[PDB]
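Enquirer: Below is the file work_24.cif, with mmCIF, C-alpha atoms and all ligand atoms.
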data_entry
loop_
_atom_site.label_atom_id
_atom_site.label_comp_id
_atom_site.auth_asym_id
_atom_site.auth_seq_id
_atom_site.Cartn_x
_atom_site.Cartn_y
_atom_site.Cartn_z
CA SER W 201 143.15 122.97 107.93
CA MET W 202 141.71 126.01 105.96
CA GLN W 203 138.20 124.33 105.87
CA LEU W 204 134.78 125.94 106.66
CA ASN W 205 133.13 122.88 108.28
CA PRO W 206 131.10 122.24 111.49
CA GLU W 207 134.22 122.26 113.76
CA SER W 208 135.47 125.66 112.36
CA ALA W 209 131.92 127.15 112.73
CA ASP W 210 131.91 126.17 116.47
CA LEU W 211 135.39 127.83 116.88
CA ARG W 212 133.90 131.09 115.39
CA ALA W 213 130.76 130.85 117.62
CA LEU W 214 133.14 130.46 120.63
CA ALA W 215 135.18 133.49 119.39
CA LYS W 216 131.94 135.54 119.04
CA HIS W 217 130.65 134.47 122.51
CA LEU W 218 133.94 135.47 124.22
CA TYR W 219 134.07 138.81 122.34
CA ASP W 220 130.46 139.65 123.46
CA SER W 221 131.35 138.70 127.13
CA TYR W 222 134.55 140.80 126.97
CA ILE W 223 132.55 143.86 125.63
CA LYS W 224 130.02 143.37 128.54
CA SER W 225 132.78 142.78 131.20
CA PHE W 226 135.38 145.40 130.04
CA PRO W 227 134.18 149.00 129.77
CA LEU W 228 137.23 150.60 128.10
CA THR W 229 138.13 148.36 125.11
CA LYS W 230 141.33 148.63 123.03
CA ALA W 231 139.40 150.07 120.02
CA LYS W 232 138.17 153.08 122.13
CA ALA W 233 141.61 153.53 123.79
CA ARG W 234 143.40 153.59 120.43
CA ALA W 235 140.79 156.07 119.12
CA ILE W 236 141.26 158.41 122.19
CA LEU W 237 145.06 157.98 122.02
CA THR W 238 145.29 158.81 118.22
CA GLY W 239 142.96 161.88 118.57
CA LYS W 240 140.09 160.17 116.66
CA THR W 241 137.54 162.88 117.81
CA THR W 242 136.32 160.60 120.68
CA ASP W 243 133.65 162.16 122.95
CA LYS W 244 136.01 164.02 125.41
CA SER W 245 139.76 164.83 125.78
CA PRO W 246 141.83 163.42 128.69
CA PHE W 247 143.94 165.79 130.89
CA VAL W 248 147.68 165.07 130.37
CA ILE W 249 149.64 164.58 133.68
CA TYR W 250 153.32 165.13 132.61
CA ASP W 251 154.72 166.72 135.91
CA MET W 252 153.86 167.58 139.57
CA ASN W 253 151.90 170.80 138.60
CA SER W 254 149.77 168.98 135.90
CA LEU W 255 149.09 166.15 138.48
CA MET W 256 147.71 168.52 141.17
CA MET W 257 145.33 170.12 138.54
CA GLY W 258 144.13 166.63 137.34
CA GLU W 259 143.89 165.14 140.93
CA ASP W 260 140.71 167.29 140.77
CA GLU W 276 153.51 161.83 148.72
CA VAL W 277 152.10 161.59 145.14
CA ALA W 278 154.15 158.32 144.81
CA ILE W 279 151.86 156.80 147.52
CA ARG W 280 148.64 158.41 146.14
CA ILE W 281 149.31 157.02 142.59
CA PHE W 282 150.35 153.59 144.02
CA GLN W 283 147.04 153.46 145.97
CA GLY W 284 145.12 154.49 142.78
CA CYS W 285 146.76 151.48 140.99
CA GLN W 286 145.66 149.07 143.84
CA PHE W 287 142.02 150.45 143.74
CA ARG W 288 141.93 149.96 139.92
CA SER W 289 143.65 146.51 140.38
CA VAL W 290 140.72 145.51 142.68
CA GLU W 291 137.97 146.50 140.13
CA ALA W 292 140.04 144.87 137.33
CA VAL W 293 139.68 141.53 139.27
CA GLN W 294 135.83 142.00 139.39
CA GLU W 295 135.84 142.52 135.57
CA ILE W 296 138.03 139.40 135.04
CA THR W 297 135.98 137.27 137.48
CA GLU W 298 132.84 138.17 135.43
CA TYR W 299 134.59 137.36 132.07
CA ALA W 300 136.11 134.10 133.46
CA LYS W 301 132.53 133.02 134.41
CA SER W 302 131.39 133.55 130.74
CA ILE W 303 133.96 131.00 129.35
CA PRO W 304 132.21 127.78 128.26
CA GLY W 305 133.06 125.04 130.84
CA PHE W 306 134.56 127.36 133.51
CA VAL W 307 131.68 127.45 136.13
CA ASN W 308 131.54 123.61 135.47
CA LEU W 309 134.87 123.23 137.39
CA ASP W 310 135.64 122.63 141.11
CA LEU W 311 135.36 125.99 143.04
CA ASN W 312 138.95 125.57 144.42
CA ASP W 313 140.27 125.25 140.82
CA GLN W 314 138.13 128.28 139.63
CA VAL W 315 139.48 130.38 142.57
CA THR W 316 143.09 129.07 141.85
CA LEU W 317 143.06 129.90 138.10
CA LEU W 318 142.01 133.49 139.05
CA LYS W 319 144.50 133.75 142.00
CA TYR W 320 147.34 133.04 139.45
CA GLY W 321 145.72 134.57 136.30
CA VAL W 322 144.42 138.05 137.16
CA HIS W 323 147.82 139.87 137.11
CA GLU W 324 148.82 138.43 133.69
CA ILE W 325 145.41 139.58 132.38
CA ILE W 326 145.73 142.94 134.18
CA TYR W 327 149.13 143.61 132.49
CA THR W 328 147.75 142.37 129.11
CA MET W 329 144.79 144.82 129.25
CA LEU W 330 146.99 147.70 130.59
CA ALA W 331 148.95 147.40 127.28
CA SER W 332 145.66 148.34 125.54
CA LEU W 333 145.80 151.69 127.42
CA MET W 334 149.50 152.42 126.60
CA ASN W 335 151.50 154.02 123.78
CA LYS W 336 155.17 155.18 123.49
CA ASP W 337 154.21 158.31 125.60
CA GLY W 338 152.16 156.91 128.52
CA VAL W 339 148.91 155.22 129.71
CA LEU W 340 145.16 156.19 129.66
CA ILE W 341 143.64 156.34 133.20
CA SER W 342 140.07 156.37 134.68
CA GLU W 343 138.24 155.07 131.55
CA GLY W 344 139.92 157.55 129.13
CA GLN W 345 139.57 160.83 131.16
CA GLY W 346 143.33 161.08 131.99
CA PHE W 347 146.74 160.32 130.41
CA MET W 348 149.84 159.88 132.62
CA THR W 349 153.29 160.01 130.93
CA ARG W 350 155.84 157.19 131.10
CA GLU W 351 158.62 159.74 132.04
CA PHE W 352 156.40 161.13 134.86
CA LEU W 353 155.88 157.61 136.26
CA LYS W 354 159.72 156.91 135.99
CA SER W 355 160.37 160.24 137.86
CA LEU W 356 158.35 158.97 140.88
CA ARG W 357 160.42 158.69 144.13
CA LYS W 358 162.26 155.28 144.24
CA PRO W 359 161.19 152.56 144.27
CA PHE W 360 157.74 153.60 142.81
CA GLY W 361 159.49 154.83 139.59
CA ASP W 362 160.23 151.12 138.93
CA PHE W 363 156.67 149.62 138.76
CA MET W 364 155.23 150.44 135.29
CA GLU W 365 158.54 150.90 133.38
CA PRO W 366 158.67 147.10 132.76
CA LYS W 367 154.92 147.09 131.76
CA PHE W 368 155.70 149.84 129.21
CA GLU W 369 158.62 147.66 127.92
CA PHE W 370 156.21 144.69 127.66
CA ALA W 371 153.47 146.83 126.08
CA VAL W 372 155.47 148.27 123.18
CA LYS W 373 156.63 144.74 122.19
CA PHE W 374 153.00 143.45 122.68
CA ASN W 375 151.27 146.39 120.88
CA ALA W 376 153.62 145.70 117.89
CA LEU W 377 151.58 142.40 117.35
CA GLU W 378 148.66 144.82 116.67
CA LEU W 379 145.99 142.56 118.28
CA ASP W 380 142.33 143.70 118.51
CA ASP W 381 139.64 143.10 121.19
CA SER W 382 138.56 139.89 119.34
CA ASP W 383 142.16 138.60 119.47
CA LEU W 384 142.59 139.61 123.16
CA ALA W 385 139.22 138.03 124.24
CA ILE W 386 140.39 134.53 123.22
CA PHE W 387 143.96 135.23 124.40
CA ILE W 388 142.82 136.18 127.92
CA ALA W 389 140.59 133.05 128.11
CA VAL W 390 143.62 130.94 127.06
CA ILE W 391 145.66 132.53 129.94
CA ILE W 392 142.90 131.96 132.62
CA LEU W 393 142.56 128.19 131.75
CA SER W 394 146.29 127.47 132.43
CA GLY W 395 146.77 123.75 133.37
CA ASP W 396 149.96 124.48 135.36
CA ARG W 397 148.75 126.78 138.22
CA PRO W 398 149.85 125.50 141.69
CA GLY W 399 147.30 123.26 143.56
CA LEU W 400 144.79 122.37 140.80
CA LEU W 401 142.61 119.33 141.67
CA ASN W 402 141.46 118.50 138.09
CA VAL W 403 144.07 119.51 135.43
CA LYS W 404 142.66 117.38 132.53
CA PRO W 405 139.28 119.23 132.19
CA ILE W 406 141.05 122.68 132.24
CA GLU W 407 143.59 121.48 129.57
CA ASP W 408 140.64 120.29 127.41
CA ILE W 409 138.98 123.76 127.49
CA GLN W 410 142.39 125.40 126.79
CA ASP W 411 143.05 123.05 123.84
CA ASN W 412 139.70 124.29 122.39
CA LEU W 413 140.46 127.99 123.23
CA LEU W 414 143.91 127.48 121.52
CA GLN W 415 142.13 126.10 118.41
CA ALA W 416 139.84 129.19 118.59
CA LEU W 417 142.84 131.57 118.85
CA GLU W 418 144.90 129.96 116.02
CA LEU W 419 141.78 130.29 113.80
CA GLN W 420 140.98 133.89 114.88
CA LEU W 421 144.62 135.00 114.20
CA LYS W 422 144.76 133.27 110.77
CA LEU W 423 141.39 134.94 109.77
CA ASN W 424 142.28 138.32 111.35
CA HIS W 425 146.03 138.65 110.42
CA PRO W 426 146.72 137.75 106.77
CA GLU W 427 150.00 139.75 106.69
CA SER W 428 151.81 138.17 109.70
CA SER W 429 152.85 134.56 110.42
CA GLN W 430 154.11 132.87 113.58
CA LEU W 431 151.80 135.54 115.15
CA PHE W 432 150.16 132.58 116.99
CA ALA W 433 153.60 131.58 118.31
CA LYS W 434 154.89 135.13 119.04
CA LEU W 435 151.63 135.57 121.02
CA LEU W 436 152.09 132.28 122.95
CA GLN W 437 155.71 133.41 123.84
CA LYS W 438 154.18 136.59 125.42
CA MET W 439 152.74 134.33 128.17
CA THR W 440 156.39 133.77 129.25
CA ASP W 441 157.04 137.59 129.35
CA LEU W 442 153.82 137.99 131.42
CA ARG W 443 154.99 135.42 134.04
CA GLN W 444 158.38 137.27 134.36
CA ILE W 445 156.54 140.64 134.76
CA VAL W 446 154.30 139.24 137.56
CA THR W 447 157.29 137.58 139.32
CA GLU W 448 159.31 140.83 139.02
CA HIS W 449 156.21 142.80 140.21
CA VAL W 450 155.96 140.68 143.40
CA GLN W 451 159.65 141.02 144.41
CA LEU W 452 158.89 144.80 144.00
CA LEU W 453 155.79 144.64 146.29
CA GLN W 454 157.99 142.59 148.76
CA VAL W 455 160.61 145.41 149.10
CA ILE W 456 158.18 148.35 149.77
CA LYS W 457 156.42 146.22 152.56
CA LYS W 458 159.83 146.42 154.38
CA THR W 459 160.89 150.05 153.45
CA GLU W 460 157.43 151.72 153.65
CA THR W 461 156.55 150.59 157.26
CA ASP W 462 154.03 153.52 157.46
CA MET W 463 151.36 152.35 154.87
CA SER W 464 149.31 149.12 154.20
CA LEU W 465 147.86 147.26 151.11
CA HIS W 466 144.17 146.24 150.36
CA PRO W 467 143.47 142.79 152.00
CA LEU W 468 141.77 141.01 148.96
CA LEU W 469 145.10 141.46 147.04
CA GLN W 470 147.06 140.10 150.10
CA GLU W 471 145.09 136.75 149.78
CA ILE W 472 146.68 136.29 146.26
CA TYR W 473 150.13 137.83 147.03
CA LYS W 474 151.48 135.08 149.43
CA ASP W 475 151.26 132.13 146.92
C1 LIG W 501 143.99 158.65 139.63
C2 LIG W 501 145.38 158.00 139.80
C3 LIG W 501 145.96 157.41 138.50
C4 LIG W 501 146.26 155.91 138.56
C5 LIG W 501 145.03 155.02 138.42
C6 LIG W 501 145.24 153.79 137.53
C7 LIG W 501 144.53 153.89 136.18
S1 LIG W 501 144.94 152.50 135.01
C8 LIG W 501 146.06 151.43 135.82
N1 LIG W 501 145.74 150.27 136.30
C9 LIG W 501 146.86 149.66 136.88
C10 LIG W 501 146.88 148.42 137.49
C11 LIG W 501 148.08 147.91 137.97
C12 LIG W 501 149.26 148.65 137.86
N2 LIG W 501 150.49 148.07 138.29
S2 LIG W 501 151.95 148.75 138.01
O1 LIG W 501 151.94 149.23 136.66
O2 LIG W 501 152.94 147.80 138.41
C13 LIG W 501 152.10 150.17 139.07
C14 LIG W 501 152.61 151.33 138.51
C15 LIG W 501 152.93 152.41 139.31
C16 LIG W 501 152.72 152.33 140.67
CL1 LIG W 501 153.11 153.70 141.68
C17 LIG W 501 152.19 151.20 141.25
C18 LIG W 501 151.87 150.13 140.45
CL2 LIG W 501 151.13 148.75 141.20
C19 LIG W 501 149.25 149.93 137.29
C20 LIG W 501 148.04 150.41 136.79
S3 LIG W 501 147.73 151.91 135.98
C21 LIG W 501 143.01 153.97 136.33
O3 LIG W 501 142.26 154.01 135.37
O4 LIG W 501 142.62 154.02 137.58
#
How does this structure look as structure tokens?
Ligand SMILES: CCCCCC[C@@H](Sc1nc2ccc(NS(=O)(=O)c3ccc(Cl)cc3Cl)cc2s1)C(=O)O

Expert:
Amino acid sequence: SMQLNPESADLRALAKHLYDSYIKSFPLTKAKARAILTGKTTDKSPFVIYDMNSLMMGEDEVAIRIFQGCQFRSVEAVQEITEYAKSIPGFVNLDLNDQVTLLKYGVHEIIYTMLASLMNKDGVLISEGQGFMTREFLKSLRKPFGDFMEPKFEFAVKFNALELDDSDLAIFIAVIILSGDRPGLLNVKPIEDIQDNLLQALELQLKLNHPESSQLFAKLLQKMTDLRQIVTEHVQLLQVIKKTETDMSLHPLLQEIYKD
């Protein structure tokens, strides 16, 4: 279109609203993370866990302790996403079973999207920017726990190459949540209508925000495929440890989601 009219103004207002919700819902944004990660004289300096010795210092089997850290964080992450979901124009207006469904099947895609914010070539920022854990350390975890994040790193470096900002991600995450094709949705049409509008919002945001890159919209939409594969892969990984590791157990609120 390339026209500043009433429809385009609404799409900006929607972009602004989602951004503001995202800032309120999500405490460590991408902008902060990038700043910390690039040594942009952010308030304090995270402790770098690169081995067993460095981990014991910072922690002021490990494979189990770290795995249980990632489930605890995963739980809070769902709070954050629940709160953001509820800020999306038309969302609370939907059947409760649909709302609950969209989140059942959304939260992991969103989790692995946001985790990319915390990652570079070297590793991931942990506990709101106070720690950094290396990729090679996480790989070196006792099998099969060395296998979990490697694929998220592989996703992230591809994803981070798109160079999206918090304003981009805000709309993107909304688009993901309102996915018409989740199992056992009563009313598809109303969800698809919100997503069509979110997709208009995104296409506009990207055009305005990314002069120097085309088929960014498309390359971004393709990422939703990579996200599905990552979640699928992640589940077949959770499946295996439940057999092998018949000595531990996994937070029940996650178990509700992890059987469908
Ligand atoms: C203090 C212990 C450090 C870990 C805590 C997690 C960090 S951020 C974070 N958040 C999630 C959320 C999900 C995942 N899923 S995952 O990548 O497949 C994964 C990688 C390794 C292991 Cl051992 C298990 C798992 Cl599930 C990982 C992470 S890492 C935080 O701020 O607290």

Enquirer: Which protein, DNA or RNA residues have an atom within 6 Å of ligand LIG 501 (chain W), counting all atoms listed in the file, as number ranges by chain?

Expert: W: 278, 281-282, 284-285, 288-289, 341-343, 360, 363-364

Enquirer: Fewer than 4 positions away in the same chain doesn't count, so skip those; otherwise give me all residues within 6 Å of residue 348 of chain W, counting all atoms listed in the file, as a list in words.

Expert: residues 249, 338 and 339 of chain W

Enquirer: Using all atoms listed in the file, which of the listed residues (W:430, W:420, W:328, W:415) sits closest to residue 442 of chain W?

Expert: W:328

Enquirer: Given only C-alpha atoms as the basis, pick out the residue of W:463, W:450, W:311, W:371 nearest to residue 276 of chain W.

Expert: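 Checking each candidate against residue 276 of chain W, we get W:463 as the closest.
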
Enquirer: Closest to residue 210 of chain W among W:456, W:392, W:416, W:436, using all atoms listed in the file?

Expert: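 Looking at the shortest contact to residue 210 of chain W, the residue is W:416.
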
Enquirer: Please identify all polymer residues lying at most 12 Å from the point (146.8, 123.4, 134.5) (file coordinates), using all atoms listed in the file, and present the result as a ChimeraX atom specification.

Expert: /W:313-314,316-317,320-321,390-411

Enquirer: Taking all atoms listed in the file into account, name the residue in W:325, W:334, W:279, W:256 that is nearest to residue 357 of chain W.

Expert: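 Checking each of W:325, W:334, W:279, W:256 against residue 357 of chain W, counting all atoms listed in the file, the winner is W:279.
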
Enquirer: For residue 251 of chain W, which of W:451, W:464, W:429, W:349 is the closest residue, counting all atoms listed in the file?

Expert: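 Distance minimum relative to residue 251 of chain W lands on W:349.
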